[PDB]
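Only one chain is shown below, in structure tokens, and it's the form deposited in one PDB entry.
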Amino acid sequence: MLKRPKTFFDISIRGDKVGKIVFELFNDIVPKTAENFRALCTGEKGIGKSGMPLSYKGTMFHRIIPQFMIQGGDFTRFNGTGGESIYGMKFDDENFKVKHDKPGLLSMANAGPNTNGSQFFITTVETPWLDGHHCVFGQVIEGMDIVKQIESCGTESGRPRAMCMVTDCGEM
């Protein structure tokens, strides 16, 4: 019998520590996707195939769209073109059971079907149009205000107006 894992990001904005976001991952619904996020928070898998630490520590939210989502998780290229899962470069969309039906959902970014690596995004609104297309695997249980601070650094193109960093992360 397994519990939902908890992870956290420590956030800083524009160089200043702002607080902590705490996630709960649905390992009961998408075990393989949740477990990817869990390991990348802990860095426990060491050095990935790209020769980089498999860890969100020191990563940026490189795409931020107000009234939509914030996106991060690229720890090989820090610009949205990289990232790597614990399973390899890419892994398949596990399932689409959970809907983007509320704010503060954790969901896998992808460049098409079954291209999951390490990039994730956090919704700040309902985004049902992403249902069936991005795999929701956990939710924000603490720190939605921090999410809304990062969101407030965004533009409609997604280009950020400020650098928001995961300065530390791990499992609680």
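Residue numbers run from 1 along the displayed sequence.
The same protein also exists as the form solved in complex with a partner chain; that form is not shown, yet it is the one meant from here on.
Mapping the unseen interface onto this chain, residue 134 counts among the residues with a heavy atom inside 4.5 Å of its partner chain in the entry with it bound. In the entry with it bound, its partner chain sits beyond 4.5 Å of every heavy atom of residue 37. Using a 4.5 angstroms limit between non-hydrogen atoms, residue 117 touches its partner chain in the entry with it bound. When contacts are judged by a 4.5 Å heavy atom cut-off, residue 27 does not count as touching its partner chain in the entry with it bound. Every member of the trio 63, 80 and 130 reaches its partner chain in the entry with it bound with some non-hydrogen atom inside 4.5 Å.
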